[PDB]
Amino acid sequence: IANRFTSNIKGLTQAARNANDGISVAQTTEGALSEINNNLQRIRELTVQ
Amino acid sequence: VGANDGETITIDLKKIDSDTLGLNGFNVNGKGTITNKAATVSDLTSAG
Amino acid sequence: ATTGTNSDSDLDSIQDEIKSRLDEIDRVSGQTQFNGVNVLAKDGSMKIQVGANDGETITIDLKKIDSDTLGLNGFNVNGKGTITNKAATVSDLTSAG
Amino acid sequence: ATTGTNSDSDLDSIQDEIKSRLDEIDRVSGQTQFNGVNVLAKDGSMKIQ
Amino acid sequence: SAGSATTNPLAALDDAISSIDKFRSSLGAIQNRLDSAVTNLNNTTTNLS
Amino acid sequence: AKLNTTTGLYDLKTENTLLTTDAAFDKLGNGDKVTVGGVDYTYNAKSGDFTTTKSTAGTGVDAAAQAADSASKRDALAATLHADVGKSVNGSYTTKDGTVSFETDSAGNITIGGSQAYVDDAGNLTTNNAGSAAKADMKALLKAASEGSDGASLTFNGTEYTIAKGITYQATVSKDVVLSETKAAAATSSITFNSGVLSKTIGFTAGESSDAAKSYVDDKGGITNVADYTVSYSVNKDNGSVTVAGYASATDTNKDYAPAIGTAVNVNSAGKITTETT
Amino acid sequence: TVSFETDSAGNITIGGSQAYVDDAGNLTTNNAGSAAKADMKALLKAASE
Amino acid sequence: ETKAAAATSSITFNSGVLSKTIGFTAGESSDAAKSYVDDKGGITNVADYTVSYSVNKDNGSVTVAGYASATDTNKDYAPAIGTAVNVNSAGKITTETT
């Protein structure tokens, strides 16, 4: 049972690290999307003009 | 996300560019390109 | 979301977030595990020996916690709700036979 | 390694480490010896009077 | 001509939260009673020794 | 077990139940063929039901026979079954080299693109009429297809019908239904067990097999050729132990159920007779 | 009433498929009795006769 | 002795319930029976099956359209028509995409 618990603890810690990496991926993609959105807003203003 | 097999979370991504938003020949002033199409055997038969 | 000022796209985004969190509830319920036993995925009970003779036991009751046992299945908050139906006419009156 | 964020080089490095440790398992199994008897290399039995 | 949107979302969520709270309370009571059992076992072991 | 007076041994006889329709249906597999009442059914395990091929009609050998009348009445019956008054259904009517959509609402009314179509002499489907040859009905369409020089193919929500140059079509019947006709009376139903390589046909009348075939199930389930199960036990007068001293069977049995001779006989936990020690 | 798409050099097409004219004069998309004559000249002749 | 000589042997396969008897000439089967095994193993007694593929000239996509069998075959090896065919890892022509 101690072996099983050690395996589970190590796996869960590594999974937490993986989830942190995924959060980083999401943040980077969202920043790129925000810049694209600002460009689109400016283009719409130019079209209205 | 888990310690056993199959315990995953999926992040879907999208191909975002001019092509997937349209806007290709935005052409506000009326001067631009279309990059029309590539022909096929059905088009040739229709043309005769 | 229940506010009537929200538009269709806003309701769609809110329901997307709701569906994501319901999926998280289901995932945590399915994947929570202790010593190879899914504590939250079964409606059984566990017996603990606390005395030195037979019969000295304490029972822990577990409940199957997920979407199904809490309802929330089609938690369709982005739906349409009560909608007034259109009046009948002669064309579909005859179509009915 | 099973996380999908890792790239090909990352997976290659991880599998290199995995191969090294599997080689260690095999080496320990082969070379563990007591009084000229390979305890872990045979599926037999020992009799004690 | 009733539609497909959930009728009473707040009531359904309240029922779910109430069920979760009841099960948590049951677990807490079981844990307290188990700790009391532990203390009694230690005292009895000391006296028997 | 009964004591044999002439030999002094103890003989134990075990009976074997004849093959039944329920057991046969349980052992039915994919591609199995069942013949009851002269009509062949093919079992499907994917949907778990019997598929059949039914022709329209035709029994007489000449024009002045009941074949034409049976064909006409079966065509009428199929058209009536195609009523579907409550809701509309879509299909397709295909000639030898051409096809056309089909959308009927009720009473077999032909509607193409919201406009009622008509059937010609040769089964042709046309939105127009030449010489007032409308006859826009399912019965008329089926009759024109049957009398046409060239056959046709009809695709509907259910099975696909083929009108030959008679209509051949697939149909579905329930396994419980087929069981009911098989066990209803003294039928001549026969079941063919096919493994894709090995095949055997068993003909049984209202349950038990009457084709002089030793089909039985009591041993461990399944099918066996052992008619009777008889084994001889010798009791030692001094020790008191019971040993197996051979066996005899009505059929050959190919020594398949042969127990070891001279092995001590043990009583199972449930109380049966078994040679296993533990 | 039938709506048909005439093609170059003379042809009859209904719903993207070649159409045939009945001998009596009706228009169809499927041939019956081995009498197709899928041509607008044939359609006109059949209508006249 | 069966393979070398031009004898007439008989082989019976029994599963305990189902039985099949096959005649054999000097290395082959001459009992007017199909008795073919080459597909994947087991006696499938099918002479040959021909699969017809339709090629769409607009894009080059190839689909399955048409099955022919010299025997009944119960449509054992007949794929459903209209299914796009692909190429396996070994270069074979196969329908599944796994």
# chains A, B, ... in the order shown; residues from 1 in each chain; ligands from 1
>>> residues_around(residues="segment 20-25 of chain B", least_positions_apart="4", cutoff="12 Å", atoms="only C-alpha atoms", output="list in words")
residues 36, 40, 43 and 44 of chain A; 14, 15, 16, 29, 30, 31, 32, 33, 34, 35 and 36 of chain B
>>> write_last_selection(atoms="N, CA, C and O atoms", output="compact mmCIF listing (two decimals), in the first residue's frame")
# COMPACT_ATOMS: atom_id res chain seq x y z
N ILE A 36 -5.20 40.28 -32.08
CA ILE A 36 -5.98 40.17 -33.32
C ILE A 36 -7.30 40.93 -33.18
O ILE A 36 -7.75 41.60 -34.12
N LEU A 40 -8.82 43.99 -35.49
CA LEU A 40 -10.12 43.92 -36.15
C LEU A 40 -10.99 45.12 -35.80
O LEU A 40 -11.70 45.66 -36.65
N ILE A 43 -9.85 48.01 -37.84
CA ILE A 43 -10.27 47.86 -39.23
C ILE A 43 -11.74 48.24 -39.39
O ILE A 43 -12.13 48.89 -40.37
N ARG A 44 -12.58 47.84 -38.43
CA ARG A 44 -13.99 48.20 -38.51
C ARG A 44 -14.18 49.71 -38.43
O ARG A 44 -15.00 50.29 -39.15
N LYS B 14 -8.01 26.63 -33.04
CA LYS B 14 -8.66 27.07 -34.27
C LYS B 14 -7.64 27.70 -35.19
O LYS B 14 -6.75 28.43 -34.75
N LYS B 15 -7.76 27.40 -36.48
CA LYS B 15 -6.94 28.06 -37.49
C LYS B 15 -7.55 29.42 -37.79
O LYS B 15 -8.59 29.51 -38.44
N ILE B 16 -6.91 30.48 -37.31
CA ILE B 16 -7.40 31.84 -37.48
C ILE B 16 -6.45 32.57 -38.41
O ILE B 16 -5.24 32.63 -38.15
N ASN B 29 -11.86 50.16 -51.53
CA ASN B 29 -11.75 51.06 -52.67
C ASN B 29 -12.06 50.38 -54.00
O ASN B 29 -12.16 51.07 -55.02
N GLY B 30 -12.23 49.06 -54.02
CA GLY B 30 -12.59 48.36 -55.23
C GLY B 30 -11.46 47.87 -56.09
O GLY B 30 -11.66 47.64 -57.29
N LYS B 31 -10.26 47.70 -55.53
CA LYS B 31 -9.11 47.21 -56.28
C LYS B 31 -8.43 46.10 -55.48
O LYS B 31 -7.83 46.38 -54.44
N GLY B 32 -8.53 44.87 -55.96
CA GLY B 32 -7.99 43.75 -55.22
C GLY B 32 -8.03 42.48 -56.04
O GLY B 32 -8.36 42.49 -57.22
N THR B 33 -7.68 41.37 -55.38
CA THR B 33 -7.54 40.08 -56.04
C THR B 33 -8.53 39.08 -55.45
O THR B 33 -9.08 39.28 -54.36
N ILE B 34 -8.76 37.99 -56.18
CA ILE B 34 -9.71 36.97 -55.77
C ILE B 34 -9.05 35.60 -55.72
O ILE B 34 -9.45 34.74 -54.93
N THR B 35 -8.02 35.39 -56.54
CA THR B 35 -7.38 34.08 -56.71
C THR B 35 -8.44 33.02 -57.02
O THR B 35 -8.67 32.08 -56.25
N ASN B 36 -9.07 33.20 -58.18
CA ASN B 36 -10.38 32.65 -58.50
C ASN B 36 -10.62 31.18 -58.14
O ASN B 36 -11.43 30.90 -57.26
>>> closest_atom_pairs(of="chain H", to="chain F", cutoff="9 Å", atoms="only C-alpha atoms", output="JSON lines")
{"residue": "H:13", "atom": "CA", "partner": "F:198", "partner_atom": "CA", "distance": 7.5}
{"residue": "H:14", "atom": "CA", "partner": "F:198", "partner_atom": "CA", "distance": 7.7}
{"residue": "H:15", "atom": "CA", "partner": "F:198", "partner_atom": "CA", "distance": 7.8}
{"residue": "H:16", "atom": "CA", "partner": "F:224", "partner_atom": "CA", "distance": 7.3}
{"residue": "H:17", "atom": "CA", "partner": "F:223", "partner_atom": "CA", "distance": 6.2}
{"residue": "H:18", "atom": "CA", "partner": "F:200", "partner_atom": "CA", "distance": 5.3}
{"residue": "H:19", "atom": "CA", "partner": "F:198", "partner_atom": "CA", "distance": 5.6}
{"residue": "H:20", "atom": "CA", "partner": "F:198", "partner_atom": "CA", "distance": 5.5}
{"residue": "H:42", "atom": "CA", "partner": "F:197", "partner_atom": "CA", "distance": 7.1}
{"residue": "H:43", "atom": "CA", "partner": "F:197", "partner_atom": "CA", "distance": 5.6}
{"residue": "H:44", "atom": "CA", "partner": "F:197", "partner_atom": "CA", "distance": 6.2}
{"residue": "H:45", "atom": "CA", "partner": "F:197", "partner_atom": "CA", "distance": 7.9}
{"residue": "H:74", "atom": "CA", "partner": "F:31", "partner_atom": "CA", "distance": 8.1}
>>> write_last_selection(atoms="N, CA and C atoms", output="tab-separated table (two decimals), in the first residue's frame")
chain	number	residue	atom	x	y	z
H	13	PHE	N	-13.45	-32.84	-40.09
H	13	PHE	CA	-13.30	-31.88	-39.01
H	13	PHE	C	-14.54	-31.95	-38.13
H	14	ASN	N	-14.33	-32.17	-36.84
H	14	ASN	CA	-15.40	-32.29	-35.86
H	14	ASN	C	-15.13	-31.32	-34.71
H	15	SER	N	-16.11	-30.47	-34.41
H	15	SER	CA	-16.06	-29.59	-33.26
H	15	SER	C	-16.78	-30.19	-32.06
H	16	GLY	N	-17.18	-31.46	-32.14
H	16	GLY	CA	-17.98	-32.11	-31.14
H	16	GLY	C	-19.46	-32.12	-31.46
H	17	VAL	N	-19.92	-31.14	-32.23
H	17	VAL	CA	-21.29	-31.06	-32.70
H	17	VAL	C	-21.36	-30.96	-34.22
H	18	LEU	N	-20.57	-30.07	-34.80
H	18	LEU	CA	-20.60	-29.79	-36.22
H	18	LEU	C	-19.50	-30.59	-36.91
H	19	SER	N	-19.84	-31.24	-38.02
H	19	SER	CA	-18.92	-32.12	-38.72
H	19	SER	C	-18.88	-31.76	-40.20
H	20	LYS	N	-17.69	-31.80	-40.78
H	20	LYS	CA	-17.51	-31.59	-42.21
H	20	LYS	C	-16.50	-32.58	-42.76
H	42	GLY	N	-8.70	-20.91	-41.80
H	42	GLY	CA	-10.02	-21.49	-41.79
H	42	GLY	C	-10.56	-21.69	-43.19
H	43	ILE	N	-11.46	-22.66	-43.32
H	43	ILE	CA	-11.98	-23.06	-44.62
H	43	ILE	C	-13.22	-22.23	-44.91
H	44	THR	N	-13.08	-21.27	-45.83
H	44	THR	CA	-14.15	-20.34	-46.16
H	44	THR	C	-14.86	-20.69	-47.46
H	45	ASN	N	-14.41	-21.74	-48.16
H	45	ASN	CA	-15.06	-22.31	-49.34
H	45	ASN	C	-15.67	-21.24	-50.26
H	74	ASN	N	-22.57	-15.43	-48.94
H	74	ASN	CA	-23.36	-14.75	-47.91
H	74	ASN	C	-22.90	-13.31	-47.69
>>> select_by_dssp(residues="segment 58-98 of chain H", states="strand (DSSP E or B)", output="PDB file with N, CA and C atoms, in the first residue's frame")
ATOM      1  N   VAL H  62     -11.301   7.762 -54.331  1.00  0.00           N
ATOM      2  CA  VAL H  62     -11.688   6.407 -54.703  1.00  0.00           C
ATOM      3  C   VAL H  62     -12.594   5.845 -53.619  1.00  0.00           C
ATOM      4  N   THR H  63     -13.760   5.351 -54.021  1.00  0.00           N
ATOM      5  CA  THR H  63     -14.719   4.749 -53.110  1.00  0.00           C
ATOM      6  C   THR H  63     -15.012   3.319 -53.544  1.00  0.00           C
ATOM      7  N   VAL H  64     -15.745   2.605 -52.696  1.00  0.00           N
ATOM      8  CA  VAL H  64     -16.113   1.217 -52.942  1.00  0.00           C
ATOM      9  C   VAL H  64     -17.510   1.196 -53.543  1.00  0.00           C
ATOM     10  N   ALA H  65     -17.645   0.578 -54.717  1.00  0.00           N
ATOM     11  CA  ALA H  65     -18.939   0.501 -55.392  1.00  0.00           C
ATOM     12  C   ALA H  65     -18.960  -0.775 -56.229  1.00  0.00           C
ATOM     13  N   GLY H  66     -19.588  -1.820 -55.697  1.00  0.00           N
ATOM     14  CA  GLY H  66     -19.772  -3.049 -56.444  1.00  0.00           C
ATOM     15  C   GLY H  66     -19.022  -4.252 -55.909  1.00  0.00           C
ATOM     16  N   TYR H  67     -19.734  -5.364 -55.751  1.00  0.00           N
ATOM     17  CA  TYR H  67     -19.158  -6.610 -55.267  1.00  0.00           C
ATOM     18  C   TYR H  67     -19.652  -7.751 -56.142  1.00  0.00           C
ATOM     19  N   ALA H  68     -18.739  -8.627 -56.555  1.00  0.00           N
ATOM     20  CA  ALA H  68     -19.080  -9.780 -57.377  1.00  0.00           C
ATOM     21  C   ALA H  68     -18.500 -11.032 -56.742  1.00  0.00           C
ATOM     22  N   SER H  69     -19.280 -12.109 -56.732  1.00  0.00           N
ATOM     23  CA  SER H  69     -18.825 -13.372 -56.175  1.00  0.00           C
ATOM     24  C   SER H  69     -19.289 -14.516 -57.061  1.00  0.00           C
ATOM     25  N   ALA H  84     -15.346   5.290 -48.432  1.00  0.00           N
ATOM     26  CA  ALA H  84     -14.052   5.714 -48.953  1.00  0.00           C
ATOM     27  C   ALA H  84     -12.971   4.726 -48.535  1.00  0.00           C
ATOM     28  N   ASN H  86      -8.912   3.535 -48.216  1.00  0.00           N
ATOM     29  CA  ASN H  86      -7.623   4.133 -47.898  1.00  0.00           C
ATOM     30  C   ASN H  86      -6.512   3.110 -48.119  1.00  0.00           C
ATOM     31  N   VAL H  87      -5.296   3.493 -47.743  1.00  0.00           N
ATOM     32  CA  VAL H  87      -4.116   2.652 -47.898  1.00  0.00           C
ATOM     33  C   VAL H  87      -3.552   2.350 -46.519  1.00  0.00           C
ATOM     34  N   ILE H  93      -4.603  -2.111 -49.810  1.00  0.00           N
ATOM     35  CA  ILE H  93      -5.830  -1.354 -50.018  1.00  0.00           C
ATOM     36  C   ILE H  93      -6.841  -1.840 -48.989  1.00  0.00           C
ATOM     37  N   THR H  94      -7.255  -0.950 -48.091  1.00  0.00           N
ATOM     38  CA  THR H  94      -8.106  -1.341 -46.977  1.00  0.00           C
ATOM     39  C   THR H  94      -9.023  -0.173 -46.636  1.00  0.00           C
TER      40      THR H  94
END
>>> closest_residue(among="E:17, E:10, E:2, E:27", to="residue 59 of chain C", atoms="only C-alpha atoms")
E:27
>>> interface_residues(of="chain D", to="chain B", cutoff="12 Å", atoms="only C-alpha atoms", output="ChimeraX atom specification")
/D:2-5
>>> interface_residues(of="chain C", to="chain A", cutoff="10 Å", atoms="only C-alpha atoms", output="MDAnalysis selection string")
chainID C and resid 33:36
>>> atom_distance(atom1="atom CA of residue 87 of chain C", atom2="atom CA of residue 3 of chain E")
17.1 Å
>>> interface_residues(of="chain B", to="chain C", cutoff="9 Å", atoms="only C-alpha atoms", output="ChimeraX atom specification")
/B:2,4,7
>>> write_last_selection(atoms="N, CA, C and O atoms", output="PDB file, in the first residue's frame")
ATOM      1  N   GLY B   2      -4.675  13.200 -14.511  1.00  0.00           N
ATOM      2  CA  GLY B   2      -4.681  12.198 -13.472  1.00  0.00           C
ATOM      3  C   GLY B   2      -3.405  11.370 -13.461  1.00  0.00           C
ATOM      4  O   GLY B   2      -2.482  11.571 -14.245  1.00  0.00           O
ATOM      5  N   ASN B   4      -3.636   7.938 -13.666  1.00  0.00           N
ATOM      6  CA  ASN B   4      -3.916   6.728 -14.418  1.00  0.00           C
ATOM      7  C   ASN B   4      -4.177   7.077 -15.878  1.00  0.00           C
ATOM      8  O   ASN B   4      -4.237   8.245 -16.268  1.00  0.00           O
ATOM      9  N   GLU B   7      -6.871   9.915 -18.317  1.00  0.00           N
ATOM     10  CA  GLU B   7      -7.309  11.050 -17.506  1.00  0.00           C
ATOM     11  C   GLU B   7      -6.748  12.331 -18.113  1.00  0.00           C
ATOM     12  O   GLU B   7      -5.779  12.917 -17.630  1.00  0.00           O
TER      13      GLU B   7
END
>>> interface_residues(of="chain E", to="chain C", cutoff="6 Å", atoms="only C-alpha atoms", output="mmCIF file with N, CA, C and O atoms, in the first residue's frame")
data_model
loop_
_atom_site.group_PDB
_atom_site.id
_atom_site.type_symbol
_atom_site.label_atom_id
_atom_site.label_comp_id
_atom_site.auth_asym_id
_atom_site.auth_seq_id
_atom_site.Cartn_x
_atom_site.Cartn_y
_atom_site.Cartn_z
ATOM 1 N N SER E 1 -46.735 25.468 -25.443
ATOM 2 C CA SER E 1 -45.635 24.900 -26.222
ATOM 3 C C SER E 1 -44.297 25.070 -25.496
ATOM 4 O O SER E 1 -43.406 25.801 -25.925
ATOM 5 N N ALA E 2 -44.195 24.375 -24.364
ATOM 6 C CA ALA E 2 -43.019 24.487 -23.512
ATOM 7 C C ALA E 2 -41.754 24.092 -24.264
ATOM 8 O O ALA E 2 -41.747 23.143 -25.051
ATOM 9 N N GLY E 3 -40.677 24.832 -24.013
ATOM 10 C CA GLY E 3 -39.420 24.644 -24.705
ATOM 11 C C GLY E 3 -38.480 23.693 -23.993
ATOM 12 O O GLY E 3 -38.892 22.824 -23.222
ATOM 13 N N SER E 4 -37.184 23.869 -24.265
ATOM 14 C CA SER E 4 -36.158 22.961 -23.774
ATOM 15 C C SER E 4 -35.281 23.540 -22.676
ATOM 16 O O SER E 4 -34.537 22.782 -22.046
ATOM 17 N N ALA E 5 -35.333 24.848 -22.437
ATOM 18 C CA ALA E 5 -34.540 25.439 -21.367
ATOM 19 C C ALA E 5 -34.990 24.898 -20.017
ATOM 20 O O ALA E 5 -36.174 24.625 -19.803
ATOM 21 N N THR E 6 -34.033 24.735 -19.106
ATOM 22 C CA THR E 6 -34.338 24.167 -17.801
ATOM 23 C C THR E 6 -35.315 25.060 -17.046
ATOM 24 O O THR E 6 -35.195 26.287 -17.054
ATOM 25 N N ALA E 16 -28.880 20.168 -5.524
ATOM 26 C CA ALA E 16 -27.572 19.531 -5.651
ATOM 27 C C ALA E 16 -26.643 19.933 -4.510
ATOM 28 O O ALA E 16 -25.974 19.080 -3.906
#
>>> residues_around(residues="residue 95 of chain C", least_positions_apart="6", cutoff="12 Å", atoms="only C-alpha atoms", output="PyMOL selection string")
(chain C and resi 88-89) or (chain F and resi 85-88+104-106)
>>> write_last_selection(atoms="N, CA, C and O atoms", output="PDB file, in the first residue's frame")
ATOM      1  N   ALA C  88     -52.773  27.877 -36.607  1.00  0.00           N
ATOM      2  CA  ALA C  88     -53.002  26.916 -37.674  1.00  0.00           C
ATOM      3  C   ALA C  88     -53.646  27.591 -38.881  1.00  0.00           C
ATOM      4  O   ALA C  88     -54.188  28.697 -38.797  1.00  0.00           O
ATOM      5  N   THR C  89     -53.575  26.909 -40.021  1.00  0.00           N
ATOM      6  CA  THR C  89     -54.149  27.398 -41.264  1.00  0.00           C
ATOM      7  C   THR C  89     -54.779  26.239 -42.029  1.00  0.00           C
ATOM      8  O   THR C  89     -54.732  25.079 -41.606  1.00  0.00           O
TER       9      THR C  89
ATOM     10  N   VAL F  85     -50.726   7.250 -43.164  1.00  0.00           N
ATOM     11  CA  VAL F  85     -51.577   8.436 -43.217  1.00  0.00           C
ATOM     12  C   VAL F  85     -51.045   9.529 -42.298  1.00  0.00           C
ATOM     13  O   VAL F  85     -51.096  10.720 -42.633  1.00  0.00           O
ATOM     14  N   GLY F  86     -50.520   9.147 -41.131  1.00  0.00           N
ATOM     15  CA  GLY F  86     -50.139  10.141 -40.139  1.00  0.00           C
ATOM     16  C   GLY F  86     -49.034  11.068 -40.612  1.00  0.00           C
ATOM     17  O   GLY F  86     -49.122  12.289 -40.456  1.00  0.00           O
ATOM     18  N   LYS F  87     -47.981  10.505 -41.200  1.00  0.00           N
ATOM     19  CA  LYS F  87     -46.821  11.289 -41.600  1.00  0.00           C
ATOM     20  C   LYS F  87     -46.339  10.848 -42.975  1.00  0.00           C
ATOM     21  O   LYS F  87     -46.577   9.719 -43.411  1.00  0.00           O
ATOM     22  N   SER F  88     -45.653  11.764 -43.652  1.00  0.00           N
ATOM     23  CA  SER F  88     -45.119  11.518 -44.981  1.00  0.00           C
ATOM     24  C   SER F  88     -43.790  10.771 -44.903  1.00  0.00           C
ATOM     25  O   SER F  88     -43.069  10.829 -43.904  1.00  0.00           O
ATOM     26  N   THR F 104     -44.164  10.649 -50.622  1.00  0.00           N
ATOM     27  CA  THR F 104     -45.586  10.387 -50.456  1.00  0.00           C
ATOM     28  C   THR F 104     -46.038  10.846 -49.077  1.00  0.00           C
ATOM     29  O   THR F 104     -45.271  10.794 -48.113  1.00  0.00           O
ATOM     30  N   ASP F 105     -47.273  11.341 -49.000  1.00  0.00           N
ATOM     31  CA  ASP F 105     -47.826  11.849 -47.748  1.00  0.00           C
ATOM     32  C   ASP F 105     -48.771  10.850 -47.090  1.00  0.00           C
ATOM     33  O   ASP F 105     -48.560  10.455 -45.939  1.00  0.00           O
ATOM     34  N   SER F 106     -49.811  10.429 -47.804  1.00  0.00           N
ATOM     35  CA  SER F 106     -50.807   9.532 -47.241  1.00  0.00           C
ATOM     36  C   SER F 106     -51.570   8.868 -48.375  1.00  0.00           C
ATOM     37  O   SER F 106     -51.638   9.391 -49.491  1.00  0.00           O
TER      38      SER F 106
END
>>> closest_atom_pairs(of="chain B", to="chain H", cutoff="10 Å", atoms="only C-alpha atoms", output="Markdown table")
| residue | atom | partner | partner_atom | distance |
| --- | --- | --- | --- | --- |
| B:39 | CA | H:58 | CA | 9.3 |
| B:40 | CA | H:58 | CA | 5.8 |
| B:41 | CA | H:58 | CA | 5.8 |
| B:42 | CA | H:58 | CA | 6.5 |
| B:43 | CA | H:58 | CA | 9.0 |
>>> residues_around(residues="segment 140-151 of chain F", least_positions_apart="4", cutoff="12 Å", atoms="only C-alpha atoms", output="PyMOL selection string")
(chain F and resi 56-57+68+71-80+82+93-98+102+108-110+117-126+133-136+161-168) or (chain G and resi 30-35)
>>> select_by_dssp(residues="chain D", states="helix (DSSP H, G or I)", output="PyMOL selection string")
chain D and resi 8-31
>>> write_last_selection(atoms="C-alpha atoms", output="short mmCIF file (atom, residue, chain, number, x, y, z; two decimals), in the first residue's frame")
data_model
loop_
_atom_site.label_atom_id
_atom_site.label_comp_id
_atom_site.auth_asym_id
_atom_site.auth_seq_id
_atom_site.Cartn_x
_atom_site.Cartn_y
_atom_site.Cartn_z
CA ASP D 8 9.37 15.23 -30.46
CA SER D 9 12.78 16.06 -28.97
CA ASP D 10 11.30 16.12 -25.47
CA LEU D 11 9.74 12.70 -26.01
CA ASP D 12 13.05 11.41 -27.38
CA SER D 13 14.94 12.58 -24.29
CA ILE D 14 12.33 11.09 -21.95
CA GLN D 15 12.45 7.76 -23.77
CA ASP D 16 16.25 7.82 -23.62
CA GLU D 17 16.02 8.11 -19.83
CA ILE D 18 13.42 5.33 -19.77
CA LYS D 19 15.66 3.06 -21.84
CA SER D 20 18.62 3.75 -19.55
CA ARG D 21 16.65 2.80 -16.46
CA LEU D 22 15.24 -0.34 -18.11
CA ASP D 23 18.83 -1.29 -18.92
CA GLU D 24 19.65 -0.77 -15.25
CA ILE D 25 16.81 -3.10 -14.25
CA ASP D 26 18.13 -5.77 -16.61
CA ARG D 27 21.72 -5.29 -15.41
CA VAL D 28 20.81 -5.56 -11.72
CA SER D 29 18.75 -8.67 -12.42
CA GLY D 30 21.56 -10.31 -14.36
CA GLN D 31 24.42 -9.40 -12.04
#
>>> closest_residue(among="F:15, F:84, F:62, F:49", to="chain C", atoms="only C-alpha atoms")
F:84
